[PDB]
Every structure is written in structure tokens, then in C-alpha cells.
Amino acid sequence: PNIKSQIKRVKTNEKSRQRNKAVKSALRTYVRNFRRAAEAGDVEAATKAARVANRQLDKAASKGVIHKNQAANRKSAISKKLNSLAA
Amino acid sequence: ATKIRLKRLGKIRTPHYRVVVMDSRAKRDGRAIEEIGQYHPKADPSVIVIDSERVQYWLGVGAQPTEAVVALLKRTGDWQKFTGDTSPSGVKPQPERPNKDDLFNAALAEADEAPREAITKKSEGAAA
Amino acid sequence: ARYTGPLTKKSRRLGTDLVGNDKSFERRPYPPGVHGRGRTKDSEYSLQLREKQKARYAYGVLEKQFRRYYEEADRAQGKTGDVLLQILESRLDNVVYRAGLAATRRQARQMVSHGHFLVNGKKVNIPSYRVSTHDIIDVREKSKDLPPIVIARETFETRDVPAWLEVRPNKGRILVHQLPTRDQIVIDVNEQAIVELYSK
Amino acid sequence: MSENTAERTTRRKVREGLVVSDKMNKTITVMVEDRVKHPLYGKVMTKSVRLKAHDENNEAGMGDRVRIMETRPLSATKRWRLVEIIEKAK
RNA sequence: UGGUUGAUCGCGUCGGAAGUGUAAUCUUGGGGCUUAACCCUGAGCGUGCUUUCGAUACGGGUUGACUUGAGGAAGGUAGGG
RNA sequence: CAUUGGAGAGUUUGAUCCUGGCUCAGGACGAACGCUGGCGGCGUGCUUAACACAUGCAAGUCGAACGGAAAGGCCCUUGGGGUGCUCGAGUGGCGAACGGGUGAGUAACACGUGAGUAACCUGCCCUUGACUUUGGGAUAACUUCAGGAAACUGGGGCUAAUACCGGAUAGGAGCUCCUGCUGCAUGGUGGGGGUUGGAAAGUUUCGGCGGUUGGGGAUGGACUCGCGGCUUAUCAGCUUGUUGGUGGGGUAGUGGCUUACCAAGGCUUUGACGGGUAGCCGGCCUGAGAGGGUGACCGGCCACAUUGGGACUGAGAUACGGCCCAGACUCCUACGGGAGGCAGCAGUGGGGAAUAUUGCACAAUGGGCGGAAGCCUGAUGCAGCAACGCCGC
Ligand SMILES: [Mg+2]
Ligand SMILES: [Mg+2]
Ligand SMILES: [Mg+2]
Ligand SMILES: [Mg+2]
Ligand SMILES: [Mg+2]
Ligand SMILES: [Mg+2]
Ligand SMILES: [Mg+2]
Ligand SMILES: [Mg+2]
Ligand SMILES: [Mg+2]
Ligand SMILES: [Mg+2]
Ligand SMILES: [Mg+2]
Ligand SMILES: [Mg+2]
Ligand SMILES: [Mg+2]
Ligand SMILES: [Mg+2]
Ligand SMILES: [Mg+2]
Ligand SMILES: [Mg+2]
Ligand SMILES: [Mg+2]
Ligand SMILES: [Mg+2]
Ligand SMILES: [Mg+2]
Ligand SMILES: [Mg+2]
Ligand SMILES: [Mg+2]
Ligand SMILES: [Mg+2]
Ligand SMILES: [Mg+2]
Ligand SMILES: [Mg+2]
Ligand SMILES: [Mg+2]
Ligand SMILES: [Mg+2]
Ligand SMILES: [Mg+2]
Ligand SMILES: [Mg+2]
Ligand SMILES: [Mg+2]
């Protein structure tokens, strides 16, 4: 870079990328845990995993790592899957 | 942010501003959401015309004036109607008034001293 | 940007007295030069061009500005030749000439460009200043005793002032009653021919 | 009860046309014809455009005069929906 | 592209209304630069489009009549088709 | 129940009339050249090499978020008080996505015009309702060590926040169930219930200035669509995620956007596909008009920033003066490895018939940050240069 503002910016961009990547990977792991519970067909495990995943999606949306609309979409998918499992 | 600012127009060394409403990102002399008034500072007691209803609407909707437009609104009294403050509100003095027909009728009749200072300049050529 | 050469040559070529009288125009029936006495064909262009050049050299206006006057008259409503002659008469130097404060239009241009005149309070040194109605042209107070001015003051009684101007000779004040009409401009050209010329 | 600014006003585009293809599921290709002046010679021409609508239940057939209303993009090419069948030519 | 005519629709067509057609330009009315070029300002233009309300003479759509265009039947009939 | 507007000429013959081409008189220009050249006013000035670029500048700001003290500045026997203003370097916030440039690509919902989003997002600003709770762990700077020619890199120790991370508490966020009124199909909206959940930050010279979250407003953007504007048939077939369906995924959002499965579609002689050329427009020139030509300045939209590709950060990204990879180039190197992108302003080389100063100022208007004084601004305002245009003398 040629501007010290831009050098500061590349440093902060890397830092924010680390933070956001960590949060997104955690979200993906939680959603995968719920999906595997749903495939296994358990009810209590799937319910607990769904609660955890929805809470973490909302937490990430609050942190700004993901958009609130994306959080809502993923939560809706998880809740609909859990409802189908219960039915 | 939406701003109420001045859009420059006119010639070199002769600026006339249009008090317009546009967002900050837009270029100075560009498309405006609305044209509110005009401001000719080059003229005597600068001309300041501001559409009171529209400027009140834009202030109430949250447009941010530039310092120049704040001065103009102070002079037009709009900056007191909105954000009530104790300011003189010096509504523009008029840039005086000339006339032509009255002067022509005055001189057509002036006659007398017209040709009178005229024969006085006859005496002047005598002096010349 | 101003014709400074002889005017009698142009008057002889154009066949009419551009200005003045009782002069070297006793050789009028033939244009200047070695080939002056020969018989002429005179096409329509020739005729039209002669009328246009007569107006131009009478009023001291070059071709670009005369053309501009032509488009202004053409755009204006009414007879194009009438409007064109009205504009040329509304020129300030011609106004001074017609009021009679100058011996000729060239002298009027000289004094106007030298600034010996005031237009309704404001000093003007533009010969092409188009005088508007109800205007008051005044001689500059410093220059109220010019030799040409005193000659005009001695001679104006013989000169005829048109109806659209009022002059306070000794006072040097030309009141413009109205902007002149075709019947008030003296007929010495064919404005219709000029208009036809500017259409080819 | 007290709903918000009702009416929505904002009306969508409506086209009357003729079905020219019904052989794909839940879709009918409608041919809509308009009459306009020729820009230069002034004759009233006939401009025809093919519009793909969404026909839930496959209720329309070849040669049927139908009415379609514009919608949001329902597929890569479908942007209209069948609202009624005016003449069932069959 | 369309003979005569009844009914109907109101797509073309025609007439209002609303919205839009930024500004500048352009036309034009005022004003400022000593005039002009140029500049400011009011209006027009923006030849369209959308929405909406009317008109139904014509074009067209739908629908029903009529026989004069067109075709057919029966009889007559000419010919190196 | 009138118009503002239309000019020809020469040339086929021995002569004539007609047909007919050619040529000319007019206007114009982002023009060049030749001869000539006084001034002023207002504009305009690389149309070719989106050719390669030396040098300076063109994006910073905030101490009223933070640790601090490398300078200046006050108070003290030279260091010492961070002590107050101030203040490099560092964290943190915001800006850097604007402004400015160019027209290479693009025959395309790119643009013009008019609509739709019941498929959308929107920082700062305005408005209104709730709030601003309880804890914790690091780290840059600094310090020490090691490595490197450099660019710089890696350890040890140490430290603060409006930096970062647990928790509590908050709807109009997920799911679900009643019920009112309703639209344009998917539906929209009012009311109630169940259930699972989502925040925050402090600071001040006490004058301030801020934080989080609902709902509206304004602003800006996004997508979809009807209609409109080139040439070529000596290009006739094009397409297989292609056309549609269902489930999932994805996204701010609809969607073959993506995926699996099913079906066999979709486009085209009213010109698909291919070739050629081209940014589009408000406008400009010409013309009686209809048209024809054109897309300089100025203004709107789009595209692009060494070539190709990619994401990251962010409210927002073709990210001009960002990052990553590759190619072509230029430069530094101690040969191990590094650095760079004027189609920003001025300028150089080059090409060309041809197009300017390595200027001044932030005084005005506009923009960024700051509570403010203020700082930054090659935007802009100006000046220099050239008869390049118009106008006046
Ligand atoms: Mg993992
Ligand atoms: Mg989904
Ligand atoms: Mg008929
Ligand atoms: Mg009828
Ligand atoms: Mg105007
Ligand atoms: Mg004037
Ligand atoms: Mg306009
Ligand atoms: Mg009919
Ligand atoms: Mg028979
Ligand atoms: Mg012959
Ligand atoms: Mg011959
Ligand atoms: Mg500092
Ligand atoms: Mg731009
Ligand atoms: Mg352009
Ligand atoms: Mg925080
Ligand atoms: Mg098209
Ligand atoms: Mg699907
Ligand atoms: Mg091109
Ligand atoms: Mg074009
Ligand atoms: Mg432009
Ligand atoms: Mg992001
Ligand atoms: Mg950048
Ligand atoms: Mg930019
Ligand atoms: Mg650059
Ligand atoms: Mg340059
Ligand atoms: Mg050369
Ligand atoms: Mg300022
Ligand atoms: Mg200030
Ligand atoms: Mg600077």
C-alpha cells in the first residue's frame, strides 16, 4: 500500500477476517451438528442442537458476522426440520 | 446524509448559487433532489430567495444545511422558525429601485434648464 | 475591425451618396478605378449585394455584425427589413448622427468610442450600443465643449431630426421618444433586397 | 380492523394473449400482440411477443386465449402468471 | 388487404384529468455584466410514457343478418387446350 | 376561421427536349496547414498509443475512546512534572466505495422512457418507543532476544480502552396456534396465546459529546419488466443447466443462482446463432420540415483502473492512489529475496496533420474527520499557454 491509512486498513481487515471466519465456522459446526442429529432421528438431541444452533445464529447476527436475514433464514430451516422430525 | 447546500452557476468571477437539496455524495454541480431557492451574492444587498414551505419540510425531515445555507436561513427567518433561536432574522434589504418612464417624462418637460444650461454651454464655447 | 479607407470610392462603386453632399461625387455615374465607364450587366446577386453593401458602408458595420443583425431581425416578428433598419438606426452612433450632434456617422463613432457620451447616467464607449426606448443620451460634462460639438451646435438648425428623437442641442441631450419605424428611417436602400440576399 | 395504508394501489401489468406452447409442466407460452404505428411510414403494424406464464395445475391448452398478470421472477424465463382463460378454443 | 348492414366490446383512434419528462441546452418574456458574446430568472418546449375518466364515426375483435363480389348446381355452347 | 417556412448554376447535342450522374454557391467543426497578426470579454484545448512513464502532489482526520511522551510549550539544578495546552509512532472510531479520470470492453434490461418488488438492502442524518446490566481474558505501542543486505520476520516479558469475549435483561427474529379485515397467485395486515432466542460504552476543559435496540422518515443502491434506438443471409440452424417441474442449499433478495431427481424442452426466415462496428442519453451540427450526421465541453446512467482471475473488510466495493495469485513489464538486491502500476493534477518519452503550466490558493462553493477551534481537499476557485471558437473594440 501507499497510504498509511491503507496499511492500517489491511491490518484491521486481516484481524476482522480472522474474527468473522471463526464465528462463521462455529455457526457451520453447530448447524452441521443439528443436521446430523436430525438424520440420526433423535428427538432430544435434535432439539438441544437446534436450540444451540438458533441461539448461535442470533448471536452472530448481533455481532454482525452475518446478516440478520441470513440468521432468520437458517433458523427457519432448522426449526422446520425439527418440526418435521417431531411429526 | 441529505444536505441543503449551494450549487454554483454563472460565469467566471460571477457566481450565482442555487439553494438545492441533495445528498452529500453527489458532486457539487450535479443532479439535485429539489431546488429550493437562489442566492446572488455578487449583487448589492445579496439576493436571497428561499422557498419557506420546502425548506421547512426538508429541515423537518432531517436534511443537514451547510454553513452558508444556515446563514441564508437565518436571514430569511427560516432558521428561527425551525430550531427556534434568538437571532435578528434580518429579512433581506431590497437592492433599491431605478425607473425610466418617470425620468423620461421629467426630462421631456425638464426643457427649461435643459436648453438653458444649453445656452450656458453656448456661453461656454464663447469661453472655450 | 473598422473601415478606415476612403468613403467616396465606396459611394462611387455603390452608385449612391453614402454620406454628405457637394463633393467629389460629381464623378458619381461611374465606380472608382480604371474600368469605371463601361456598361454593366448587374445580375440579381449584383443588385442584392449592392443593397447590402450600401447599408453596410452607410452604417459603418462589418459583415459578421451585420449578419447577426439579420438573424435578429429575421427572428423578430414583423417585416424583416423593417426590423433590420430599426436595429441599425437604434445603434448609438447612428442615434448621435440622427440627433445631429455629429457631422457624420464616422464622427459619431469617433466621439462615442472616445467616450464623450453618457447613456441615461452611465458612460458608454460602444458604438454598437443599441439604444432602447425612453433612453436619455447625454454629452459628457467634461466634453461639452468639443470642437465637433460646437460645430454641430452651430449647424443643427439646417439638419433635420427624425420624429422619434428629441434633441436639446445646447444641452447635449437626446431623448428617445420611441424606437423608429420604417416610415421614419430615411429610404436610401432596399432592405427587401438585403433580406432576399441573405436567403441564398 | 385498522390495517395500514390499504389498497396497495400499485397495480401490476396485465396482458391478454394466445397460448402457443403448453408442453412443459406448470408453464404456458403466451403470444401477446400489440398494434403500433410504424415510426417512419405511419402504418399500424402488429407487434407480437412471446411471454412465459406460470399455469398451476396445467389448466390451459394450445390455442386458448388467456389473461396473464406479471409477477416476480418464477424461473429463468417465467415472469407471468395465468389469471383466467377467456376463450377455450380447444 | 376487405362488399352492404344490426348489436356489442372500446384494442387502434379521438377528448379531458393526474403523474412523469432533473438541471443545463433550445424558443420566448424580464434582469445583470459600459454593449455584445456570456450570465441569472419566469414561462414554454420536453414532440412521449403510465394511470384514470369519457366519446363510438372509422379500423379491428366478438356475434347475427343480406346477396351485389366470389364459388357451385341445372341447361345451353365455341375451340390448332 | 392562414402561414413564419422551401432560390439554384454548370456540364451529353450541330441545335432541341427529357432522363441522368458529376461539380459548385450555404452552414458547421474538440480540427490541421499556409500567409498574416493589435487588444479585451467569455469559452474551449491528446479526437492518434486503454502506448510505456522519471519527479512532486492528488485522503485523511480524531487526545472530549486509549496506553502514553519521540518533538515543540509551560513549570523546576541537566533532567524532571504527563504536569496544562500540545503531540510523532501505536491501538481504536469514522472516512478511504465519495470527489477526480478514461471510453478499452459491451448489440446487453448497458442506455432512454414508463412501471413493479406481496422478492429487496440502506452507515452518517431526522423522528418516535424501550434501554444503557454483570463479569472476564488478551494484545499493538513499549521492552528484550534471534534472524535479514533489504523488505522486514519470529520468540520472551509488559500494558489501556468506546479494542475483544461469558452472562442477565429487551420486540415487529425462528417455530406454532386462535381470531378480525382483506389483496394480485405466492398472500398483506390488525389482535391475542404458546414456545425458543437475540444488545450496549463510556467520556468531558462540566459547556459537552456519545452507546444498544424496536417502528417510521429521508437518502442511496439492487433486481424484474413493457416499449424504443446499428449493420450483415456471400452467417440457417442455436442451446443440454440448456427449457420447465419437485425437494434441498444459498443470498439482502426473486431466480437453474446452485444442487439432486424427473420430464424434453427453449429460441429461429417477423432473422435465432455467427461476423462487423459501437459506450448510451440529455444534447450538438444541418435541414422549411420530415429527416440525415454526431455523442467534445457541461449533465445523467454504465463500464473499466498494467493484463487475467479471485475474494477479503465493510452499511455500501469494476475496491484508480487496497490485498492475494498468475502473465507481461520497470526497479532494488549482499542473489537469499524484495518493490511498483499517471485512463488523478502538472509533466516526460513516443505516436501523430494536431492539442497547454512539473502555476497560485483553500479567500468562495462542495466533500472527509473533529464537540469545537481546526486539519485535509491537483474537487473547485483562479492564474499561465495557444486567433482554437464566439463576441466586442
Ligand atoms: Mg472444523
Ligand atoms: Mg431457505
Ligand atoms: Mg369493411
Ligand atoms: Mg355499427
Ligand atoms: Mg433557462
Ligand atoms: Mg442589459
Ligand atoms: Mg429540461
Ligand atoms: Mg368488426
Ligand atoms: Mg356444364
Ligand atoms: Mg449523346
Ligand atoms: Mg458541348
Ligand atoms: Mg499523534
Ligand atoms: Mg465518475
Ligand atoms: Mg463520454
Ligand atoms: Mg465494541
Ligand atoms: Mg431491445
Ligand atoms: Mg427450487
Ligand atoms: Mg470501442
Ligand atoms: Mg446514435
Ligand atoms: Mg461526461
Ligand atoms: Mg461483509
Ligand atoms: Mg481505494
Ligand atoms: Mg472511485
Ligand atoms: Mg494512480
Ligand atoms: Mg496526466
Ligand atoms: Mg511526432
Ligand atoms: Mg468548507
Ligand atoms: Mg468551523
Ligand atoms: Mg495533503
Side-chain angles (χ1 to χ4, degrees), chain A residues 1-3 5-6 9-10 12-14 16-17 19-20 50-51 54-55 57-59 61-62 67-73 75-80 82-83, chain B residues 1-2 5-18 23-33 35 38 40-41 43 58 60-64 66 68, chain C residues 1-2 64-65 68 77 92 113 119 122-130 196 199-200, chain D residues 1-4 6-8 10-13 15 21 23-27 29 34-36 39 44 48-49 54 56 69-79 81 83:
Chain A
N2 290 318
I3 301 299
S5 179
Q6 185 60 255
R9 273 305 176 159
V10 55
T12 61
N13 285 17
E14 182 65 26
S16 283
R17 191 189 70 81
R19 179 201 191 240
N20 291 359
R51 307 265 184 90
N54 280 40
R55 202 176 98 93
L57 285 166
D58 265 6
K59 282 203 170 297
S62 160
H67 200 276
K68 66 182 181 180
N69 281 118
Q70 167 174 342
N73 280 354
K75 288 208 305 187
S76 188
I78 287 186
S79 303
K80 281 200 206 302
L82 174 81
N83 272 340
Chain B
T2 313
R5 46 191 207 170
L6 304 188
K7 176 179 179 179
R8 197 202 156 99
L9 296 191
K11 266 181 296 192
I12 190 167
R13 292 182 291 113
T14 310
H16 302 276
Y17 300 100
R18 273 190 191 168
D23 79 327
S24 296
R25 271 92 54 76
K27 82 182 61 162
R28 184 192 71 182
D29 291 331
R31 207 209 164 91
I33 303 146
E35 308 196 356
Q38 69 275 17
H40 317 305
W58 283 108
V61 77
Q64 285 305 338
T66 314
Chain C
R2 217 191 73 76
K64 290 186 192 300
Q65 184 177 182
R68 269 184 60 80
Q77 296 294 321
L92 193 152
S113 191
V119 170
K122 310 190 169 194
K123 64 160 304 310
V124 175
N125 63 341
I126 304 289
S128 61
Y129 186 98
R130 305 250 303 277
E196 298 195 324
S199 179
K200 82 166 287 182
Chain D
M1 15 287 316
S2 167
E3 320 94 338
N4 59 64
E7 299 343 276
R8 134 152 85 172
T10 64
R11 319 137 45 65
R12 273 176 154 108
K13 281 198 286 288
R15 292 288 177 273
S21 186
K23 71 183 46 83
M24 47 187 175
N25 196 6
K26 292 181 181 180
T27 311
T29 302
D34 193 6
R35 319 187 47 63
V36 287
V44 64
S48 66
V49 65
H54 166 84
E56 182 65 26
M69 200 153 171
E70 211 194 5
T71 59
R72 63 175 165 83
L74 298 179
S75 69
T77 53
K78 298 165 49 182
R79 276 96 164 103
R81 73 168 174 83
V83 69

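Side chains are part of it too, since the values below use all heavy atoms of this structure and drop only hydrogens, waters and symmetry mates. Reminder, nothing fancy here: chain letters follow the sequence lines and each chain counts from 1.
Across the strands present, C382(F) finds its partner in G359(F); the criterion is a Watson-Crick or G-U wobble pair with both atom distances under 3.5 angstrom. Checking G249(F) for Watson-Crick or G-U wobble geometry (two distances, each under 3.5 Å) identifies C257(F) as its partner. Applying the Watson-Crick and G-U wobble criteria (two distances, each under 3.5 Å), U20(E) pairs with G48(E). Using Watson-Crick or G-U wobble geometry with both donor-acceptor distances under 3.5 Å, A59(F) finds no partner in any strand shown. Searching all strands for a Watson-Crick or G-U wobble partner of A107(F) with both distances below 3.5 Å returns nothing. A 3.5 Å limit on both hydrogen-bonding distances identifies no Watson-Crick or G-U partner for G20(F). Nucleotide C14(E) has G54(E) as its partner under the Watson-Crick or G-U criteria, with both atom distances under 3.5 Å. Taking a pair to require two hydrogen-bonding distances under 3.5 Å in either a Watson-Crick or a G-U wobble arrangement, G287(F) remains unpaired.
Taking atom OH of residue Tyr17(B) and atom P of nucleotide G366(F), one finds them 8 Å apart after rounding to whole Å. In this structure, CD of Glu14(A) is placed 15 Å from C1' of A140(F), rounded to the nearest angstrom. The distance between atom CD1 of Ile3(A) and atom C1' of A58(F), rounded to the nearest whole Å, is 9 Å. Distance, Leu57(A) CG to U196(F) P: 18 Å, rounded to whole Å. Atom pair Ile78(A):CD1 and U176(F):P shows a separation of 14 Å (rounding to whole Å applied). Atom-to-atom, NZ of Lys26(D) to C1' of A263(F) comes out at 13 Å; the value is rounded to the nearest Å. Between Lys80(A) atom NZ and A173(F) atom P there is a gap of 16 Å when expressed in whole angstrom units. In this structure, NZ of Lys11(B) is placed 8 Å from P of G43(F), rounded to the nearest angstrom.
In this structure, the nucleotide among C391(F), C184(F), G197(F) sitting nearest to the side chain of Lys64(C) is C391(F). Comparing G366(F), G60(F), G266(F) against the side chain of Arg5(B) picks out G366(F) as the nearest. Counting only heavy atoms from C-beta on, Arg12(D) has its side chain closest to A118(F) among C393(F), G60(F), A118(F). When distances are taken from the side chain of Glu3(D) to each of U189(F), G41(F), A168(F), the shortest belongs to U189(F). For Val61(B), the listed nucleotide lying nearest its side chain is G217(F); candidates were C225(F), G217(F), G245(F). Nearest to the side-chain atoms of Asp58(A) among the listed nucleotides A218(F), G197(F), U243(F) stands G197(F). Proximity note for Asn13(A) (side chain, C-beta onward) versus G381(F), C184(F), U313(F): the nearest is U313(F). The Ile33(B) side chain lies nearest to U219(F) when the options are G198(F), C391(F), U219(F). Residue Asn20(A) places its side chain closer to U313(F) than to any other of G198(F), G381(F), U313(F). Closest to the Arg19(A) side chain, of the nucleotides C164(F), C184(F), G381(F), is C164(F).
The bases of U23(F) and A9(F) line up as a Watson-Crick or G-U pair, and both contact lengths stay under 3.5 Å. With both atom-pair distances required to fall under 3.5 Å, no Watson-Crick or G-U wobble pair links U365(F) to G378(F). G41(F) and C390(F) are base-paired: they meet the Watson-Crick or G-U wobble geometry, with both hydrogen-bonding distances under 3.5 Å. By the Watson-Crick or G-U wobble test, with both distances required under 3.5 Å, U189(F) and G207(F) do not count as a base pair. Taken as a pair, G59(E) and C11(E) qualify: Watson-Crick (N1-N3 plus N6-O4 or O6-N4) or G-U wobble (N1-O2 and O6-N3), both under 3.5 Å. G241(F) and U348(F) make neither a Watson-Crick nor a G-U wobble pair with both donor-acceptor distances under 3.5 Å. A Watson-Crick or G-U wobble pair does not link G84(F) to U212(F) when both relevant atom distances must lie under 3.5 Å. With both distances under 3.5 Å, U4(E) pairs with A65(E) in Watson-Crick or G-U wobble fashion.
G166(F) and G137(F) have their P atoms separated by 15 Å, given to the nearest Å. Rounded to whole Å, the separation between the P atoms of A52(F) and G308(F) comes to 13 Å. Spacing between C342(F) and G34(F) at atom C1', rounded to whole Å, works out to 37 Å. As rounded to the nearest Å, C29(F) and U47(F) have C1' atoms that lie 12 Å from one another. Distance check on atom P: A373(F) versus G82(F) gives 33 Å, rounded to whole Å. When the P atom is used for both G72(F) and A363(F), the distance is 29 Å, rounded to whole Å. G310(F) and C320(F) are spaced 15 Å apart, taking the P atom of each and rounding to whole Å. A distance of about 12 Å separates the P atoms of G193(F) and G171(F), rounded to the whole Å.
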**OP:** For side chain to side chain contact (heavy atoms under 4.5 Å, CB included), just list the numbers for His16(B) and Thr14(B), CA-CA rounded to whole Å, side-chain angles, deciding distance to a tenth of an Å, and then say yes or no.
**Re:** CA-CA 7 Å; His16(B) 302 276; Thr14(B) 310; 3.7 Å; yes

**OP:** Decide side chain to side chain contact (heavy atoms under 4.5 Å, CB included) for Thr29(D) and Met24(D); before the verdict, give the C-alpha distance in whole Å, the side-chain angles of both, and the deciding distance to 0.1 Å.
**Re:** CA-CA 9 Å; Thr29(D) 302; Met24(D) 47 187 175; 3.5 Å; yes

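For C145(F), the ring torsion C1'-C2'-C3'-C4' comes out positive, which puts the sugar in the north group. Residue note: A201(F) shows a south-type sugar, the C1'-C2'-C3'-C4' torsion being below zero. In terms of the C1'-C2'-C3'-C4' torsion, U242(F) has a north-puckered sugar. The angle is above zero. Judged by the sign of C1'-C2'-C3'-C4', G370(F) carries a north-puckered sugar. The pentose of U25(E) belongs to the north class of puckers. Its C1'-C2'-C3'-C4' angle has a positive sign.
Glycosidic torsion of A118(F) falls within 90° of 0, placing the base in syn. Taking the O4'-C1'-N9-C4 or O4'-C1'-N1-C2 dihedral as appropriate, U232(F) has a value more than 90° from 0 and is therefore anti. Applying the 90° cutoff around 0 to the glycosidic angle, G207(F) is assigned syn.
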Subject >> Summary of protein contacts for nucleotides 278-300 of chain F, nucleotide by nucleotide, where a base hit scores B, a sugar-phosphate-only hit scores S (4.0 Å, heavy atoms) >> reply: ---------------------SS

**OP:** Would you mind building the protein contact string for nucleotides 250-255 of chain F? One character per nucleotide, 5' to 3', B for base within reach (heavy atoms under 4.0 Å), S for sugar-phosphate only, - for untouched.
**Re:** -BSSBS

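Between the side chain of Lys78(D) and the backbone N or O of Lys26(D) there is at least one donor-acceptor pair closer than 3.5 Å. Put simply, the side chain of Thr10(D) gets close to the backbone of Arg8(D): a donor and an acceptor are under 3.5 Å apart. Here the side chain of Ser79(A) pairs a donor or acceptor atom with the backbone of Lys75(A) at under 3.5 angstrom. Checked by atom type and distance alone, the side chain of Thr27(D) never pairs as donor or acceptor with a backbone atom of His54(D) at under 3.5 Å.
Looking at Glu70(D) and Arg12(D), no side-chain N of the basic residue comes within less than 4.0 Å of a carboxylate O on the acidic one, giving no salt bridge.
Chain D approaches RNA chain E over the interval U1(E) to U52(E), counting the first and last nucleotide 5' to 3' with an atom under 4.0 Å from its heavy atoms.
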